[PDB]
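Numbering (the deposited numbering), first residue to last: 2181 to 2260.
Encoded as structure tokens, the structure appears first; notes follow it.
Structural data, given as structure tokens:
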């Protein structure tokens, strides 16, 4: 792979493996919340945890603001 595609791939591999990890934790527990049980003993911390996870993930979302710049273009690879 070319270095630019290689870097976005190794960035992408880091990013893609990250997206399922959030899904794996949510599906395992702290899903289906507020309807009398959320696969947890407390069911209150899970809402805070996912909100806490999202806020830095949105900070992770905002830290690729350079991808709009990169060198000249962004929308070259959106395969996965």
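Idealized CB from N, CA, C, for every residue including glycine.
- Sixteen is the threshold: since fewer than 16 other Cβ atoms of the shown chains lie within 10 Å of the Cβ of residue 2196, the residue is exposed.
- Contact between the segment 2196 to 2211 and the segment 2220 to 2227 is present: three or more C-beta pairs spanning the two stretches fall below 8 angstroms.
- Here residue 2198 is not near residue 2211, since their CB atoms are 8 angstroms or more apart.
- For residue 2208, the enclosing alpha helix (DSSP H) begins and ends at 2183 to 2208.
- Distance from the CA of residue 2230 to the CA of residue 2216, rounded to the nearest whole angstrom, comes to 18 angstroms.
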